[PDB]
């Protein structure tokens, strides 16, 4: 049972708008909106949305497998060895937010300070002492973006596994000789970094020039979560404010996915006439190019919605009914909707491109969608005994070598419950980089944006005040 199975289960449930039932529904962690910084919903004038893995959650592991398979085939068609075709996507290996080190070919799970929490070369997990040969301080400078690539999105799950597959394959195939920084086969040297670049290239290609989109759109029920409660939440948002879409995808893919997401024999609730997806938005903007969108952006263009092509020239007109924008910048949205940043709640899944950058560059309020949180919550409650235990050993240790080895033993047993790369949010008692960025930049977060439906629209989301150590 995958995380998208939990989300699809909640999606099949109709909305009971009885206020008592609503309060009791955000009872369960699965349906709750979690709060990092207080947010007064009556001060929110505009609700903005990302599409992919926000409004349109791709089913797991079917969609990752599709991307993995088409990426492998692209690599084989440009000349990678045939044995790649016998790989098969395995969802229990990759955790999101890992760092690939293009120098040594390792996948790393790190904390906010770049300390190593897990190191895996292929499928071989390097333990503390052996990592010191390559990482003398058990630390990487995360901001060295020329060496380290952070696999931040659910789109990166297939290549996370594929990178491990490839390193494992070349390490153990006798045609190749392993070196510190890559593999040699006679007079051809393949560095982990050029191997990495071919994988990124092939993933991009499959999304943009290959057949991934076509195969998605040809079987949307297999690949995309559908929820009748989405029209309801959007129409309620429109009753108190403005609603906009700002997505990196192009207009033709956006129209196909969105049409499907609203494809019900009714509108906002059963019994009402169905309405086109565009009628739920005061502003629709595609080809956003986030995060650049939150700085200088690009030239504001206008989509010809009959053809799906951009009209020629820069659009200099006003907001008008029916218009669909391409490019522009976050200032386009503020001007056209008459909003200041703190009036805006932007809802997305990209911790960097949607959340970090809109917060830091523009002062937008932020809501981070974490689709895996559905399952992570299940594991966290179910095996809370393991963590509760672990908490106590570190306090026993505070007040010796026999303790530490069981610290490492239950850390391992706790982490294995999530997958081979452990929880998205921690390794034992150590929080990941990803968890720390959630806390720092996501004002609100939840397994699904739909959890906002279970809150009255004047609700004050409350977080506790932070105190420095000396202020306690």
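Numbering follows the first chain given and starts at 1.
- Residue 403, present in the displayed chain, goes without coordinates in a third or more of the other PDB entries compared that cover both sides of it.
- According to the PDB record, 1-9 carries the higher mean C-alpha B-factor of the two stretches 1-9 and 461-469.
- Here 173-181 and 249-257 are compared by their mean Cα B-factor, and 173-181 comes out higher.
- As recorded in the entry, 393 carries the highest CA temperature factor of 199, 118, 243, 393.
- Residue-level inspection of the entry shows that, of 350, 142, 342, 361, 142 has the top Cα B-factor.
- Among the modelled residues of its chain, residue 186 has a C-alpha B-factor that falls in the highest third according to the deposited record.
- Placement of the Cα temperature factor of residue 62 within the chain: middle third of the modelled residues, per the deposited record.
- Annotation for residue 317: CA B-factor lies in the highest third of the chain's modelled residues.
- Among the modelled residues of its chain, residue 96 has a C-alpha B-factor that falls in the lowest third, as given in the PDB entry.
- Annotation for residue 27: CA B-factor lies in the highest third of the chain's modelled residues.
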